[PDB]
Amino acid sequence: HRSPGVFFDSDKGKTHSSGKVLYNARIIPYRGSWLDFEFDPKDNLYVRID
DNA sequence: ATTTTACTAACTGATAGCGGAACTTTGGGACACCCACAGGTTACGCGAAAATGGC
């Protein structure tokens, strides 16, 4: 399985019309909710809980 | 004279009905005081079409 912790990933420039490689960080625990920090194609940082 | 058969009456079993008591079944009640919930979740991805938002 995927180890608990924090993982930094990217969409590899395959979501938005241009390249604009979008970066995200996911905190995944053993038990509990998930935390997501993502960049939008406007260079703003957004948070998602679960 | 004897043997086979048709007729009849009695026995017996099935069955519908009833009695009645036990058994299952339904509805009501309980007066210290108690006063807003979960409840797991998700590492999908893609294309369309439908609903929102921007000025």
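Side chains included, hydrogens not; waters and symmetry mates left out as well; all remaining heavy atoms used. Just so it is clear: chains get the letters A, B, ... in the order the sequence lines come, proteins before strands, and each one is counted from 1.
A search for side-chain hydrogen bond (donor to acceptor under 3.5 Å, both in side chains) contacts involving A/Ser3 returns nothing, not counting sequence neighbours. Evaluation of the salt bridge (charged side-chain N to carboxylate O under 4.0 Å, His left out) rule for A/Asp36 yields A/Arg26 as partners, not counting sequence neighbours.
A continuous path of ILVMFWY side-chain contacts below 4.5 Å connects A/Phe8 to A/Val21, so both sit in one hydrophobic cluster.
Of all heavy-atom pairs spanning A/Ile27 and A/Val6, the tightest one is CG1-CG2, 4.0 Å. Nearest heavy atoms, A/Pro4 versus A/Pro29: CB-C, 4.1 Å.
Using a 4.5 Å cut-off between side-chain heavy atoms of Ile, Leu, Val, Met, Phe, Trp and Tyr, A/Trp34 falls into a hydrophobic cluster with A/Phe7, A/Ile28.
A positive value of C1'-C2'-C3'-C4' puts the sugar of B/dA43 in the north, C3'-endo-like family.
If you take CG on A/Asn24 and OG on A/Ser10, they are separated by 7.5 Å, rounding to the nearest 0.5 Å.
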Checklist outcome for this item: With sugar-phosphate taken as primed atoms, P, OP1 and OP2 and all else as base, the protein-contact string of nucleotides 41-49 of chain B at under 4.0 Å (heavy atoms; B, S, -) is BBBS-----
Checklist entry - How does DNA chain B look in dot-bracket notation if pairs are Watson-Crick or G-U with both distances under 3.5 Å, crossing ones as [ ], other-strand ones as |? => result .......................................................
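Taking atom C1' in both B/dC34 and B/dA30, one finds a spacing of 16 Å when rounded to whole Å.
Classification of the B/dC31/B/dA32 step: not stacked, the six-membered rings not being both closer than 5.5 Å at their centres and less than 30° apart in plane orientation. Base stacking between strand neighbours B/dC34 and B/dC35 is absent under the criterion of six-membered ring centres closer than 5.5 Å and ring planes inclined by less than 30 degrees.
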N/O donor-acceptor pairs under 3.5 Å from side chains in residues 43-50 of chain A, not counting sequence neighbours:
{"residue": "A/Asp43", "atom": "OD1", "partner": "A/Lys20", "partner atom": "NZ", "Å": "3.4"}
{"residue": "A/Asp43", "atom": "OD2", "partner": "A/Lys20", "partner atom": "NZ", "Å": "3.4"}
{"residue": "A/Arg48", "atom": "NH1", "partner": "A/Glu38", "partner atom": "OE2", "Å": "2.6"}
{"residue": "A/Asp50", "atom": "OD2", "partner": "A/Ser33", "partner atom": "OG", "Å": "2.8"}

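Within the structure, no pair that satisfies the salt bridge (charged side-chain N to carboxylate O under 4.0 Å, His left out) test touches residues 5-19 of chain A, not counting sequence neighbours.
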Please list each protein N or O that sits under 3.5 Å from an N or O in nucleotides 52-55 of chain B, with the distance.
none

